[PDB]
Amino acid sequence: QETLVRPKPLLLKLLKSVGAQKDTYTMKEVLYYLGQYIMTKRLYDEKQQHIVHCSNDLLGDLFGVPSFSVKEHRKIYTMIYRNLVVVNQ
């Protein structure tokens, strides 16, 4: 989670929409802003808080799915990797 990364133009436009201001991040900080995007947009369900629904949301489009579990860390990593580039420092 200390690997430095640059999100692609669309994810950047997603994180900067919830208060982000860097162009270079770590996985930690990216997950935090995705968290706030999820708060901000009420994507987190109250009936069961294991599923984020994003089918009508730009996140669904970046992620390629209508919904995912917040416990499916391996699939979230994957979906997010496909949306960034790694940098030196």
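Quick note: we count residues from 1 along the sequence shown, nothing fancier.
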Practice prompt. Return whichever of 18 to 26 and 77 to 85 has the greater mean Cα B factor according to the PDB record.
Written response: 18 to 26
Worksheet, complete the sentence: residue 62: CA B-factor among chain residues, third -> lowest
Fill in: Entry-reported Cα temperature factor of residue 43, expressed as the chain third it lands in
highest
Worksheet item: So where's residue 51 on the chain's Cα temperature factor ranking, which third?
Response: highest
